[PDB]
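Participant:
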Amino acid sequence: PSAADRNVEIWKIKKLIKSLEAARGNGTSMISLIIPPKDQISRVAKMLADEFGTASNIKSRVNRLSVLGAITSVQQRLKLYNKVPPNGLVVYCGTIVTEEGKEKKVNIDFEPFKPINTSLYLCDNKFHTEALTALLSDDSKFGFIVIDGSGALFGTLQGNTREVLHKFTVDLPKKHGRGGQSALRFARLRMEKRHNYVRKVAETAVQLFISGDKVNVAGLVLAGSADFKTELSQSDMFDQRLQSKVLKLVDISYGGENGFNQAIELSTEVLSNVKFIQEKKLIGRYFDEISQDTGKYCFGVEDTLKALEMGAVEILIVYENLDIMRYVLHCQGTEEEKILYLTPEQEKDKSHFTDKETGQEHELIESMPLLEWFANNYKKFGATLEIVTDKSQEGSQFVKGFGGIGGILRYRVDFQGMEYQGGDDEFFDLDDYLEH
RNA sequence: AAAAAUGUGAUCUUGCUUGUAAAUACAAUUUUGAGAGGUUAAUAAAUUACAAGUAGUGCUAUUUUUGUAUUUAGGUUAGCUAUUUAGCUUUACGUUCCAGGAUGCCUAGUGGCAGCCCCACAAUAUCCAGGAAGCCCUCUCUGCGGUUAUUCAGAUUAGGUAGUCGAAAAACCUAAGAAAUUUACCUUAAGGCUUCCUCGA
Numbered sequence: 005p006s007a008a009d010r011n012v013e014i015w016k017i018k019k020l021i022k023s024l025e026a027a028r029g030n031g032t033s034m035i036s037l038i039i040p041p042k043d044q045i046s047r048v049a050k051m052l053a054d055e056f057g058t059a060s061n062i063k064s065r066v067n068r069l070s071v072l073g074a075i076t077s078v079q080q081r082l083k084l085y086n087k088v089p090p091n092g093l094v095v096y097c098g099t100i101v102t103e104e105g106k107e108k109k110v111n112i113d114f115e116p117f118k119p120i121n122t123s124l125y126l127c128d129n130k131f132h133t134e135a136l137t138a139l140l141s142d143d144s145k146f147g148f149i150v151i152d153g154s155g156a157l158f159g160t161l162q163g164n165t166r167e168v169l170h171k172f173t174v175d176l177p178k179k180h181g182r183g184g185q186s187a188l189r190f191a192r193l194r195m196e197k198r199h200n201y202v203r204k205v206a207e208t209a210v211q212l213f214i215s216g217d218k219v220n221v222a223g224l225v226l227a228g229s230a231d232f233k234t235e236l237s238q239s240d241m242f243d244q245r246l247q248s249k250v251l252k253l254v255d256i257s258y259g260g261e262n263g264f265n266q267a268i269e270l271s272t273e274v275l276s277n278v279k280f281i282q283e284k285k286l287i288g289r290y291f292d293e294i295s296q297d298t299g300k301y302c303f304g305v306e307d308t309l310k311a312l313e314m315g316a317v318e319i320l321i322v323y324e325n326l327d328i329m330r331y332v333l334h335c336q337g338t339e340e341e342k343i344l345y346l347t348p349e350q351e352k353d354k355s356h357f358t359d360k361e362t363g364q365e366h367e368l369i370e371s372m373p374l375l376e377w378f379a380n381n382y383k384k385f386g387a388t389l390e391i392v393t394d395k396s397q398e399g400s401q402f403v404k405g406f407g408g409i410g411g412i413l414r415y416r417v418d419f420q421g422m423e424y425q426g427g428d429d430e431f432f433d434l435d436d437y438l439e440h
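Quick note: the first sequence uses the deposited numbering, first residue 5, plus one each step.
(1) Using 8 Å as the threshold, is the segment 141–150 in touch with the segment 217–231, meaning 3 or more CB pairs across them?
(2) Under 8 Å: do the segment 62–82 and the segment 95–114 share three or more Cβ pairs, one atom per stretch?
(3) For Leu82, which three-state DSSP category applies?
(4) Starting from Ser60, trace the alpha helix (DSSP H) in both directions and tell me its first and last residue.
(5) Alpha carbon to alpha carbon, how far is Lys395 from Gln282? Give it in angstroms, no decimals.
(6) Pull up the CB-CB distance for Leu72 and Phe56, whole angstroms please, since I reckon it's below 8 Å.
(7) Taking Cβ to Cβ, would you say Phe385 is nearer than 7 Å to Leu312?
(8) Using the Cβ count rule (16 or more neighbours within 10 Å means buried), how would you classify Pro119?
(9) Buried or exposed: where does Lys310 fall if 16 or more other Cβ atoms within 10 Å of its Cβ makes it buried?
(10) Check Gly73 in the structure and name its three-state DSSP category.
(11) Going by CA-CA distance only, name the one from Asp307, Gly105, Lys404 and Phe172 that's closest to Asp428.
(12) Considering only the alpha carbon of each residue, which of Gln350, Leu368 and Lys42 lies closest to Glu361?
(13) Alpha carbon to alpha carbon, how far is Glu341 from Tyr331? Give it in angstroms, no decimals.
(14) Hey, is the segment 29–42 in contact with the segment 128–145, meaning 3+ C-beta pairs nearer than 8 Å?
(15) Is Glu423 helix, strand or coil when you go by DSSP?
(16) List the residues that DSSP assigns as beta-bridge partners of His170.
(17) Quick check on DSSP: helix, strand or coil for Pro90?
(18) Which of the three DSSP states, helix, strand or coil, is assigned to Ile412?
(19) Just how far apart, CA to CA, sit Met241 and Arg194?
(20) Whole angstroms is fine: what's the gap from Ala379's alpha carbon to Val403's?
(21) If you draw a straight line from the alpha carbon of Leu139 to that of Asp9, how long is it in whole angstroms?
(22) Just how far apart, CA to CA, sit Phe190 and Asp217?
(23) Between the Cα of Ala26 and those of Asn61, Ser6, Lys108 and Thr76, spot the shortest distance and give me the residue it belongs to.
(24) Exposed or buried, which one is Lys106 when buried takes at least 16 other CB atoms within 10 Å?
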């Protein structure tokens, strides 16, 4: 957990994904390997050796060469490291085709950030970036509490990554005491005392959840048996404003990386559901503002860039599937530089770059996507960047008018764009000139 | 050394046994491979002096004379072996090397030899046959050499895993196996397939 250092890793990952997708390999020449942490190398190596034997049996005399080369290449890199480093390793090997019929060979190994037990090895015509994108996802990990009579274990789950933080054990007074009699329910009193310790333990677990007056995980899930967790969940000290956040309580038996794991799996599907309703709560708030007719909320692709420059927008909303990117255009005269936002249809015809309705003359030299730009620069703007999907009806509503981007203002501002959107000076060509 | 003899009762000074004092090479060969603790154990003779007993002698014990001088010297501690002739150990009797002292006897001559104490006649037993080196067994180096946790990293294999071999090796040690190899098992998803009627200036 290091500031900015994590971001650098993210940068390399996104760059890698774009390059991996661009390159296409014929046949079975493309090999992708992901090695999880605390996973023995020898099992992996043996698996690679077994794969090598299979290729020989193929008898292709063409395909076999390509398959053997890929296998041998990955093995050489594997040989260099005696024991696997924490957070695992990712290795890509194979043969790819580049511009002008040139052959390009690739050997990349690096230490991935926070990927546990991916166990992915595939033979295919292209590299798989799905594991890489998991790291990139907006949600911030899952926090799990597994509670049992004989002990308590704490850990976190991110994507398909399993983490164990810390565990401890306490004991309830199990032996009643046949020989000594108090006869009166001193034991009940003892139980009551036990009850307070269970409460305190709850209180301590909660303390773990929040550090630095902040919460470690977006969602926290607790599990247990004999209703210790249900009781555990509702108490004044235990909630710490986090009680509302927890969705499912799951009854478990024989907990100890057994049955306890099952509780985690069911809770996660629901936790994803809370995000859907969390967005909905935002939505209800959004509609109330609409009723108000303040006009504080803005819309339009160009409006958002302008909104950030102003710095008046508290919340920035973007979609992963963004159909709008930033393109720089050269005038026929060559004396003037032009900036415009283009739809995928417009983006595809790079050489003409002309709108049918007006006959506009545009030439495209270099393009910079808006999604990557907004995420990198939101901090200087002061706005908060949030990512949402169009699955929700409200998301669809944004699509009909505003588009792939959304914006929220701290204070009511008229802004610029279409007349419904704001001021009439919707577009400008000033930015292109600075670059050139 | 041989001889008057009062004597001490005429007599002798005790080879014997008993108690006291001191002689009777070291090293090598074997044996622990070595150094070496256990050279473990056990337990050995004789010559001279004193007392007792007495085997001796009467304990103690005395005189004259003779003799340069009877001084000797040499050797024995001979053994074993063979029917006989004769052969023939530095003495082992764990193994092995080396003393050999006492008694008394034979060489004081005779034959050979210049001569002799030499060879023969060499001579009878004969106390100890002693001393020395060597610990059939315990620790160290480990003499068999081994025997090990293993890491390997390799070798060897078509290659893999194991074994074997090698290597870096935790450790341990132990009374000369005089040691031996055949070593396996694992994996191959589809492999490529045609013959019709000139007998052409």
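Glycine is no exception: its CB is placed at the ideal position from the N, C-alpha and C atoms.
Facilitator: Quick answer:
(1) yes
(2) yes
(3) Taking the first residue of the first sequence as 1, we reach residue 82 at position 78. Note: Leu82 maps to helix in three-state DSSP.
(4) As a working note, residue 60 is residue 56 in the first sequence. Element bounds for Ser60: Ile45 to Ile62.
(5) Here residue 282 refers to the residue found at position 278 when the first sequence is read from its first residue. Here residue 395 refers to the residue found at position 391 when the first sequence is read from its first residue. C-alpha separation (whole angstroms): 14 Å.
(6) As a position in the first sequence, residue 72 is number 68, starting the count at 1. As a position in the first sequence, residue 56 is number 52, starting the count at 1. Going by Cβ atoms, the distance from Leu72 to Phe56 rounds to 7 Å, so yes, they are a contact pair.
(7) In the first sequence, counting from the first residue as 1, residue 385 sits at position 381. In the first sequence, counting from the first residue as 1, residue 312 sits at position 308. Against a cut-off of 7 Å, the Cβ pair of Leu312 and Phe385 comes out as a contact.
(8) Within the first sequence, numbered from 1, the residue matching residue 119 stands at position 115. So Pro119 counts as buried.
(9) As a first step, residue 310 must be located in the first sequence, where it is residue number 306. By the 10 Å Cβ count, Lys310 comes out buried.
(10) Taking the first residue of the first sequence as 1, we reach residue 73 at position 69. It is helical.
(11) The count along the first sequence starts at 1 and reaches residue 428 at position 424. Selected option, being the one with the closest Cα: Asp307.
(12) One-based indexing of the first sequence puts residue 361 at position 357. Here the closest residue by C-alpha is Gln350.
(13) Along the first sequence, one-based indexing puts residue 331 at 327. Along the first sequence, one-based indexing puts residue 341 at 337. Going from the Cα of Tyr331 to the Cα of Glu341 covers about 11 Å.
(14) yes
(15) Against the first sequence, residue 423 aligns to sequence position 419. In this structure, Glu423 counts as coil in the three-state DSSP scheme.
(16) Here the question's residue 170 lines up with position 166 in the first sequence. Note: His170 sits in a beta bridge opposite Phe158.
(17) In the first sequence, residue 90 corresponds to position 86, counting from 1. Note: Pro90 maps to coil in three-state DSSP.
(18) For this step, residue 412 is matched to residue 408 along the first sequence. Of the three classes helix, strand and coil, the one that applies to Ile412 here is strand, per DSSP.
(19) Position 237 of the first sequence holds residue 241. Position 190 of the first sequence holds residue 194. The straight-line gap from Cα to Cα measures roughly 21 Å.
(20) Walking along the first sequence from the start, residue 379 turns up at place 375. Walking along the first sequence from the start, residue 403 turns up at place 399. Distance between the alpha carbons of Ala379 and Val403: 20 Å.
(21) For this step, residue 139 is matched to residue 135 along the first sequence. For this step, residue 9 is matched to residue 5 along the first sequence. So the two alpha carbons sit approximately 15 Å from each other.
(22) Counting from one through the first sequence, the residue named residue 190 turns up at place 186. Counting from one through the first sequence, the residue named residue 217 turns up at place 213. Straight-line Cα distance between these residues: approximately 40 Å.
(23) Locating residue 26 in the first sequence gives position 22, counting from the first residue. Closest by alpha carbon: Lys108.
(24) The residue you call residue 106 lines up with position 102 of the first sequence. With fewer than 16 other Cβ atoms within 10 Å, it is exposed.
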